[PDB]
2 protein chains.
Amino acid sequence: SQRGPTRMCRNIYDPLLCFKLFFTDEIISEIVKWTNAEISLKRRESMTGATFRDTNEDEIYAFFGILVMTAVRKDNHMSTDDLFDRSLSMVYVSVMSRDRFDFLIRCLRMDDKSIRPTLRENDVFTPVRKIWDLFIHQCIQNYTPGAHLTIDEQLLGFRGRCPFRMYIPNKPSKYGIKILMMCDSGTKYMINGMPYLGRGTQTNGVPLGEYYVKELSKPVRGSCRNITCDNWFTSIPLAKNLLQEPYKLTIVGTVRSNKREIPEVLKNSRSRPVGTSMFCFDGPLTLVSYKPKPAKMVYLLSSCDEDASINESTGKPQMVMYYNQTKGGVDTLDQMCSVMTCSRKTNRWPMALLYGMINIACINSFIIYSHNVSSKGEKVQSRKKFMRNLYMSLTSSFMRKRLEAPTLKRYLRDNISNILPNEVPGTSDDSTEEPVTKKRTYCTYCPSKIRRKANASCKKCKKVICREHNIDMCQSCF
Amino acid sequence: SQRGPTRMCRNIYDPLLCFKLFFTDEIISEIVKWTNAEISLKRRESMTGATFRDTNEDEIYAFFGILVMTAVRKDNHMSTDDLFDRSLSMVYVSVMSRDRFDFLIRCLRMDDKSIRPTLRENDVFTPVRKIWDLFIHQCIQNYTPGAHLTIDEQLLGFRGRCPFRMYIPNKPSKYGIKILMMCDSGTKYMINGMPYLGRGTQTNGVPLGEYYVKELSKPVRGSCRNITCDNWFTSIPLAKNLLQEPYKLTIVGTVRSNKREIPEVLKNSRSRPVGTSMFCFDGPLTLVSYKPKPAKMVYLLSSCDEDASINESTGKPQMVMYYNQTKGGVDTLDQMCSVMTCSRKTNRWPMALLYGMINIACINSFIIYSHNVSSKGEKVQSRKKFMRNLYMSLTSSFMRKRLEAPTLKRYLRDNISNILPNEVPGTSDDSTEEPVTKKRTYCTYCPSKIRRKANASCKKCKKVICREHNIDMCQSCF
DNA sequence: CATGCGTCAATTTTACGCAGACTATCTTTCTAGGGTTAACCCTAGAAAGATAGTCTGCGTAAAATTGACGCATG
DNA sequence: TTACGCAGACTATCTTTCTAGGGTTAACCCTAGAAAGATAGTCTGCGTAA
Ligand SMILES: [Ca+2]
Ligand SMILES: [Ca+2]
Ligand SMILES: [Ca+2]
Ligand SMILES: [Zn+2]
Ligand SMILES: [Zn+2]
Ligand SMILES: [Zn+2]
Ligand SMILES: [Zn+2]
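Definitions and cut-offs
Residues numbered from 1 in each chain as written, not as in the entry; some residues may be left out. Chains lettered and ligands numbered in written order. Heavy atoms only, no water. Near = heavy atom within 4 Å. Polar contact = N/O pair within 3.5 Å; in protein donor to acceptor, adjacent residues only side chain to side chain. Helix = DSSP H or I, 4+ residues; strand = E, 2+ residues; numbered from the N terminus. Nonpolar A, V, L, I, M, F, W, Y, C, P; charged D, E, K, R; others polar. Patch = residues over 30% accessible without salt bridge, like charges linked within 9 Å, V, L, I, M, F, W, Y side chains within 5 Å. Areas by Shrake-Rupley, 256 points an atom, 1.4 Å probe, with all protein chains shown as cover. Salt bridge = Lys/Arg side-chain N within 4 Å of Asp/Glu carboxyl O. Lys, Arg positive; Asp, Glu negative; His and termini not counted. Charge placed at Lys NZ, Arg CZ, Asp CG, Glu CD. Buried < 20%, exposed > 50% of the residue type's maximum accessible area, 1.4 Å probe, protein only. Donors = N, O, S within 2.8 Å, 3.2 Å for Na, K, Ca; no water. Tetrahedral: all angles 85-135°; square planar, octahedral: opposite > 155°, others 65-115°. Contact = heavy atoms within 4.5 Å. Buried area = accessible area lost by both parts, 1.4 Å probe. Disulfide = S-S within 2.5 Å. UniProt positions renumbered as here; feature names shortened; annotations may be inferred. Axes fitted to C-alpha atoms, helices over the stretch in contact; angles between N-to-C directions. Parallel < 35°, antiparallel > 145°, perpendicular 65-115°, else oblique. Pairing = 2+ DSSP bridges.

The record names cryo-EM as the way this model was obtained, at a resolution of 3.66 Å.

Written out as structure tokens, the structure is:
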């Protein structure tokens, strides 16, 4: 079955549809329905303007269009005071006013606030749980992974009393919400993933690394695929217990130097030359100890074919040569997200998560798109063009409806008319036949003394005219 | 002696003069002279046209204007492919062109290439010395420091081949060029500074920390001041050497652990209760050992005559409070430069220094500006308005020279004319020479490639049209 | 006052000629970002550097376009 | 008829919290400046007059 989009994802050449696969109707309807509860709750008697109206599904799509465009322009840390400034750009004011944008960001909700106070017992993630599960479900069901998978962590930076907040040194951002994730290697596709809550996490007799590899692997259990892991996810009993009737997955990965299972032989940094390696085995698994420059050693473990080899062009053991090519799956997805991200400063952790889901949906939709286009021998566009097209496909319906107000200021009326795709009625270029003059005649607005040959026929009334009097259109037809 | 700008730059009430104050004409003249040396060598006989013309002083000013505006916005890591995309913004296209900006950016030079090959043996930093020395000189003569000074280090982040860079783990942009500097605490004004060249710096029998404090202190060795710093710069003999006749400074700072000058009295014991402190004395100097909540100690040193008592709001000794409140003197210069800054990737090292100098000049110019306006009882504008005004005052003389060419593309002419202050007396919108441009030579709706002239316009929409389409009104007007 | 043709001369439109400044997109080369077995390694995507193409002004000579008179009966 | 007053939807700018960012004594601390939140306005098009 190789790898690529599934049957229900075939022949989609429209990046709006590739995006909707991850933001289904159920997700959009829940956001609009619950958001309106806050708009009603926070409305006061003096708040009677247009700015304080409820949310429509067209408007929720448009605000998402804005988030996609800020990611493209890399200006997500710029204030709304400047983003909506007409003297610098009209790209963000033709879609929404500055004030309604600020108002909606404060009001978005993903749950029923009247149920939540008891619904939350035993689940700290409750306020965003329905949307998260609807979203993850579409990752799992829309694509077939290849032979190599990899599992690693990703952080969503956040400060602001999040009950799941973790402090993690040796990161760009020290505080945030941790997410565990599984990706298709080579083609960086998110297959699965689960937030780490840590209160609201229960693994009975199971260390976290083992727990998450087994649960993330769910869709591929029994398929004979290979998973690449760093130290957090490589316990030996994981490597051995994934080769059973249930679970048929191999493990390739690093081992912490303090594991007792590594023979002391493979730790003797004093006798080994630089560039050399040692191999040993335990039942089905192969362990290799490689010694780079002095005072360092590398421990790699794997479930693999028995043959061992060294790539003579570098002198490194093949397990290292191989490891280095699959370990980057999750991280590569993370750096792609950092180049183009929708994240904004916010005061509520559940909003931070929406931004995270948008960043992922915009990448997974690109992967489905490039497979459907390149498989037909067509050229595939870069990410920048893909996202410019989402902007127009997500905001055009809304922009068009804004023109119905009698009062839009001309700044907006003109930019919406020009940016909005210019469909022009009549451009079918096939007219209806109506009688016309086929003989030589004179201008009816000219005196008989002139007998000016008519050289035109009125656009809206087919009158015989001279260009001097009635140029193309007749005066009465203007 | 007070604190604030000096007499020579006191009655300056605008941003352009405050900026020119730091760079001066000697720097602009040297850059233009040497830049032209490369333009004349990289130009081939097949490369003709406006894009390959030499550099004028007015264009180099426009060039700085673009970098400044780029710093106001956060978009300084955008490709030149879309910073100059007129469908998103008119900010940059109205000043130059995409291609001339790329050509000039790779051609700037700050020296005489025929002389340097015999200077470079000692002057490792040659290619920027005649720009750098003048800049520092100007900084020193324009501002009077206060009683509190802070000395610390900054990295520029450039990767590539150039013996100025050094690798520093546990830092963002870990591989760049290191610069040392001294700032006036409270205004965060830069007084002095100098690069670290790795080798050839000729510090002899003196650690770099002591060496640089002494050299950087020169411009302030008048009345006595207190200088503070972290561990890199706090050797005890520095503290004592700064109190000898030729020196005027006292020192307050942290102490690196395991130094021979610190007693076992302060280093010790597991039995010291948490939250307490202990003092030891040596002639003029006071040493304090403070043990915060985590129960690990911090060592501070002071050559000041300040009282050893505790600030009873925190329980911390006053000496600790002083350090925490003064150490940010350099760090926040970098925070300001982490928000609004010019930096671009490049393959050529000396540009890293050029961009650093622009960022510094903008901050110091703002400090002088704010002081001079508030001292008159007027309002001080925020840093963002200051920067927007530098863009407007720095590029306008250049833009007026683009509107000389009979063929400048008209969409630029329309934008240039409107975003430009009116310096011409006796004119008005209804009394102008502009309407000679009404007679656009070509048809709005015909391809420009056929050069089909238009002798008519659409009455209802006021657009220029050709008879082939329509004569009186355009096809869209009816 | 109103409509059916004919005779070419005047006016306007079209088709390119010169020139000038700016613009979209291609294929190498190699830094920015960040992780981590790593004072090493990978990936993505922007600068380097070049080519062919797009708008804007101005000029001239044909080609198609009127339009000012010759009727023509009523 | 020229040109005035009304309500709709959009906009600038102030004063209070309190997060992004970095550095380091630091699982803590400090800073600038954005978001939160509210109060005054601007600019468009639809009914009246001499
Ligand atoms: Ca706001
Ligand atoms: Ca370029
Ligand atoms: Ca420091
Ligand atoms: Zn006529
Ligand atoms: Zn008509
Ligand atoms: Zn035309
Ligand atoms: Zn028109």
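Novice: How would you summarise the protein's contact with DNA strand D if you had to cite specific residues and measurements?
Specialist: Taken together, 38 residues are adjacent to DNA strand D, and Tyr 167 and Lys 409 of chain A together with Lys 171, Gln 335 and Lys 384 of chain B come closest. Sugar plus phosphate, as a fraction of atoms of DNA strand D within 4 Å of the protein: 61%. Between DNA strand D and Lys 384 of chain B, the relevant distance is 2.6 Å, taken from a phosphate oxygen to a side-chain nitrogen or oxygen of the residue. Breaking the surface near DNA strand D down by element, the ones donating at least two residues are α5 (98-107) of chain A together with α9 (318-326), α10 (328-336) and α12 (383-402) of chain B. Of the residues in the surface near DNA strand D, the class split is 10 nonpolar, 10 polar and 18 charged.

Novice: Residues and numbers for a positive patch on the surface, please.
Specialist: A surface patch of like charges, here positive, comprises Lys 459, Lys 460 and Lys 462 of chain A together with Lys 460 of chain B. Tracing the backbone shows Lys 459 of chain A in the loop between β12 (456-457) and β13 (464-465). For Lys 459 of chain A, a relative accessible area of 42% translates into the label partly exposed.

Novice: I'd love a proper account of the coordination of the zinc ion (ligand 7), names of residues and values included.
Specialist: Residue and element names in this part refer to chain B. Donor atoms from the polypeptide that bind the zinc ion (ligand 7) are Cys 458 (SG), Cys 461 (SG), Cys 474 (SG) and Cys 477 (SG), placed at 1.7 to 2.0 Å. Relative to the metal, the 4 donor atoms surrounding the zinc ion (ligand 7) lie at angles of 92 to 133 degrees, and the coordination shape comes out tetrahedral. Here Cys 461 falls in the partly exposed class, since its relative accessible area comes to 26%. The class for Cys 477 is buried, based on a relative accessible area of 7%.

Novice: Give a description of the coordination of the calcium ion (ligand 3) that names residues and reports values.
Specialist: Residues and elements named next belong to chain B. For the calcium ion (ligand 3), the full set of protein donor atoms is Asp 152 (OD), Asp 152 (OD) and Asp 230 (OD), at a range of 2.1 to 2.3 Å. Of this pair, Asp 152 sits in strand β3 (residues 148-155) while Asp 230 sits in the loop between β6 (225-229) and α7 (236-241); the two residues are 78 residues apart in sequence, bridging distant segments of the chain. Given the relative accessible area of 11%, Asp 152 is considered buried. Take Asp 230: its relative accessible area is 26%, and that puts it in the partly exposed class.

Novice: Now, about the interface of chain A and chain B: what can you tell me, with residues and values included?
Specialist: Contacts between chain A and chain B engage 22 residues on the former and 22 residues on the latter. The contact between chain A and chain B buries some 2,000 Å² in all, and 55% of this surface belongs to carbon and sulfur atoms. Looking at the side of chain A facing chain B, the largest losses of area belong to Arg 73, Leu 88 and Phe 478 of chain A, adding up to 30% of the total buried there. Where chain A packs against chain B, one counts 3 salt bridges. Among the salt bridges present, the one from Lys 384 of chain A reaches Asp 82 of chain B, with a minimum N-O distance of 2.8 Å.

Novice: I'd like a description of the side chain of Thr 126 of chain B, backed by residues and values.
Specialist: Residue and element names in this part refer to chain B. The topology assignment puts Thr 126 in the loop between α4 (98-107) and α5 (129-141). The exposure class of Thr 126 is buried, given its relative accessible area of 10%. Engagement of the side chain of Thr 126 in a polar contact is seen with the backbone oxygen of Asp 123, the distance being 2.3 Å. What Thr 126 contacts, discounting residues up to four positions off in sequence, is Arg 116, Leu 119 and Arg 120.

Novice: An account of the state of the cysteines is needed here, citing residue identities and associated values.
Specialist: Residue and element names in this part refer to chain B. Under the defined criterion, the tally for this structure stands at 0 disulfides over all chains. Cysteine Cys 362 remains unbridged, with the sulfur of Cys 342 as its closest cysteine sulfur at 5.8 Å. Residue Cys 362 is classed as buried on the basis of its relative accessible area of 6%.

Novice: Please provide a residue-by-residue account of the protein's contact with DNA strand C, values included.
Specialist: Close contacts around DNA strand C come from 63 residues, with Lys 293 and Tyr 442 of chain A together with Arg 159, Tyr 411 and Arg 452 of chain B the closest. Counting only atoms of DNA strand C within 4 Å of the protein, the sugar-phosphate share comes to 47%. Within the contact set of DNA strand C, a base oxygen lies 2.7 Å away from a side-chain nitrogen or oxygen of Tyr 442 of chain A. A distance of 3.3 Å is found between a base oxygen of DNA strand C and a side-chain nitrogen or oxygen belonging to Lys 409 of chain B. Within the residue set of the surface near DNA strand C, elements represented by two or more residues are α10 (318-326) and α11 (329-339) of chain A together with α4 and α13 (410-418) of chain B. Within the surface near DNA strand C, the residues separate by chemical class into 15 nonpolar, 14 polar and 34 charged.

Novice: Requested: an account of the pattern of salt bridges, with residues and values cited.
Specialist: Under the counting rule described, the total for this entry stands at 36 salt bridges over all chains. Residue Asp 282 of chain A pairs with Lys 240 of chain A through a salt bridge whose shortest N-O separation is 2.9 Å. Residue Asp 282 of chain A is found in strand β9 (residues 277-282), and its partner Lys 240 of chain A is found in helix α9 (residues 236-241); the two are separated by 42 residues along the sequence. Note on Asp 282 of chain A: relative accessible area 44%, which makes it partly exposed. Among the ionic pairs, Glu 468 of chain B bridges to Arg 452 of chain B, the shortest N-O distance being 3.4 Å. Pair noted here: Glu 468 of chain B is in the segment after β14 (463-465) and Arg 452 of chain B is in the loop between α13 and β13 (456-458), with a separation of 16 residues, a long-range link. Among the residues examined, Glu 468 of chain B registers a relative accessible area of 51% and is labelled exposed. Linked by salt bridges that have partners in common, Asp 75 of chain A together with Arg 73 and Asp 75 of chain B make up one network.

Novice: Tell me about the UniProt feature "domain: PiggyBac transposable element-derived protein" (unreviewed entry) in chain A, and name the residues and values.
Specialist: As annotated by UniProt and renumbered to match this structure, "domain: PiggyBac transposable element-derived protein" (unreviewed entry) occupies residues 14-366 of chain A. End C-alpha atoms of residues 14-366 of chain A are separated by 10 Å, and the span's content is 36% helix alongside 17% strand.

Novice: Give me the packing of helix α2 (residues 57-72) of chain B against α4 of chain B: which residues, what numbers.
Specialist: Residue and element names in this part refer to chain B. At their nearest, the axes of α2 and α4 sit 12 Å apart, and the two run at 100 degrees to each other. In terms of their interaxial angle, α2 and α4 are classed as roughly perpendicular. Contact residues: α2 offers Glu 59, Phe 63, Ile 66 and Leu 67, while α4 offers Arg 100, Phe 101, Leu 104 and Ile 105. In terms of residue class, the contact of α2 with α4 is built from 6 nonpolar, no polar and 2 charged.

Novice: Talk me through the sheet that holds β3 of chain B; I want residue IDs and the actual numbers.
Specialist: The strands making up a sheet associate through backbone hydrogen bonding, with each pair oriented either parallel or antiparallel. Residues and elements named next belong to chain B. As summarised here, the arrangement of the 8 strands in space is β5-β4-β3-β6-β7-β10-β9-β8, forming an open sheet in which the pairing is mixed. Each end of this open sheet is capped by a strand with a single partner; those strands are β5 (189-195) and β8 (277-282). Sheet twist, expressed as the mean angle between neighbouring strand axes with direction ignored, is 20 degrees. Both strand β9 (residues 285-290) and strand β10 (residues 298-302) contribute to a ladder of 5 bridges, which runs antiparallel.

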